[PDB]
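Shown next as structure tokens: one chain only, the form deposited without the partner chain.
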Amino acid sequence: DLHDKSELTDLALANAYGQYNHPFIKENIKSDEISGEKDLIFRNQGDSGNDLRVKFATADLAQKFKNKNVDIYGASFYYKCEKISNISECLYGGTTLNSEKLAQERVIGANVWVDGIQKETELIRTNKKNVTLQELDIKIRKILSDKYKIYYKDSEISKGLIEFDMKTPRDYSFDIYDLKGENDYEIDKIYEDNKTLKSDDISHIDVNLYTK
């Protein structure tokens, strides 16, 4: 049972379009301040020179990356982002070690279908050895957002499923209209686990969208 786009508020649609089209991306930064036992602080590295609060699911996760030259790639937001003093910018997970790269860009294909009809195959990449699922998810939704206008209320697409398949019998999927809420601080909690995948172990991506 896939959720219907009609279930989202105009605010939900806007935030979704916005975060999937303008991901926060920063390479080789290091945080060494834990906050609230499960958050990492990167002072002076958010947009506008604001402070960045990277939120994780568990204190363990936060601890695993303190001191780490990490790469960041995720959905950022300001509304309801716990101030660290000044104003602050937030985001969940999307954190990987910077020292782990690939010799060449790993290219992943995404078979696409609208109402069961196959469309042009899409492509996303990453030179990260271990890329977070959030990043892959974002790169796919940006495409689904611009080619199929999934987040425009007046578009014909009303349902959709994104599925990431590994080279082993393991897959991960997202219901593009199943948002925790209408504000990013709730929507993005789906990434707090910081789920990361070995890039070369990913097989392909399946995208099924529907109308009516």
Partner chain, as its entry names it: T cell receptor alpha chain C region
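Numbering follows the first chain given and starts at 1.
Participant: Count up the deposited residues without coordinates from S85 to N86 and drop the result into none, 1 to 3, 4 to 9, or 10 or more.
Facilitator: Per the deposited record, the segment joining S85 and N86 lacks coordinates for 1 to 3 residues.
Participant: For the stretches 101 to 109 and 138 to 146, which has the higher mean C-alpha B-factor as given in the deposited record?
Facilitator: For C-alpha atoms only, the mean B-factor is higher in 101 to 109.
Participant: What stretch has the higher average Cα B-factor here, 190 to 198 or 11 to 19?
Facilitator: Going by the record's values, the stretch with the higher mean is 190 to 198.
Participant: According to the Cα B-factor stored in this entry, which of the following is highest: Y152, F174, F56, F65?
Facilitator: It is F65.
Participant: Among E163, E156, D178, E33, where is the Cα temperature factor highest, going by the PDB entry?
Facilitator: When the deposited C-alpha B-factors of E163, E156, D178, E33 are compared, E33 is largest.
Participant: Using only modelled residues of the chain, where does the Cα B factor of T132 rank: lowest third, middle third or highest third?
Facilitator: For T132, whose C-alpha B-factor we compare with every modelled residue in the chain, the answer is the middle third.
As for the form solved in complex with the partner chain, it is not shown, yet the points below apply to it.
Participant: Is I25 near the partner chain? Define near as a heavy atom within 4.5 Å, in the bound PDB entry.
Facilitator: Outside the cut-off, so no.
Participant: So in the bound PDB entry, does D184 come within 4.5 Å of the partner chain, heavy atom to heavy atom?
Facilitator: Within the cut-off, so yes.
Participant: Please tell me whether any heavy atom belonging to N15 falls inside 4.5 Å of a heavy atom of the partner chain, as the geometry stands in the bound PDB entry.
Facilitator: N15 belongs to the contact set for the partner chain.
Participant: Give a yes/no on whether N194 approaches the partner chain to within 4.5 Å in the bound PDB entry, heavy atoms considered.
Facilitator: No, no contact at 4.5 Å.
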